[PDB]
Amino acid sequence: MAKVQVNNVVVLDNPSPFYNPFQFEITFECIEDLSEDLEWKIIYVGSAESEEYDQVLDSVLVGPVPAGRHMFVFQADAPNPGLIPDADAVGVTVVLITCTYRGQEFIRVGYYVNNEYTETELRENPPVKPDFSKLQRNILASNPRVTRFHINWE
């Protein structure tokens, strides 16, 4: 039905320190050769309440993509802590992977991410200002939230 079918996304290097780059091994199948490019993005949700704090970590144009199976590791630098509101830094946030074809988003894969301290004192008495050098990022990889939108593939 859809020219591009995403078969699987594997979260690599997880858990890891907050500052480590994100690494996702994506596998997708192309039913027919694609005339245009696929644009992949990784978006970090800095704040659940405000859109302005979403950070596009990386965007990649892959194309043209011939028919068959494609597998690639999408890597993106960790978010800029200078744009993460303090109240949202520690605890659960979301990381999204999106793909568009001809500007139309056809898949959105989201993971809940748990940012937490690893030292007992910090876990019991967290600092007023979040210490990103002491946070451990744990992408909850066992439960991805997926949405597939039916777009125009011509």
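Superpose the two forms; the largest set of C-alphas matching within 1.5 Å is the rigid core. A residue's number is simply how far along the shown sequence it sits, counting from 1.
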More shifted region, core-based fit in 7 other deposited structures of this protein, 62-70 vs 27-35 by CA: 62-70
Between the two ranges 123-131 and 29-37, the one averaging a larger CA B factor in the entry: 123-131
Which of 114-122 and 61-69 has higher mean CA B factor, as the PDB entry lists it: 114-122
B-factor third for the C-alpha atom of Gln55 within its chain: middle
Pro17 - which third its CA temperature factor falls in, relative to the rest of the chain: highest
Cα B factor band for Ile42 (lowest, middle or highest third within the chain): lowest
Cα B factor band for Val92 (lowest, middle or highest third within the chain): middle
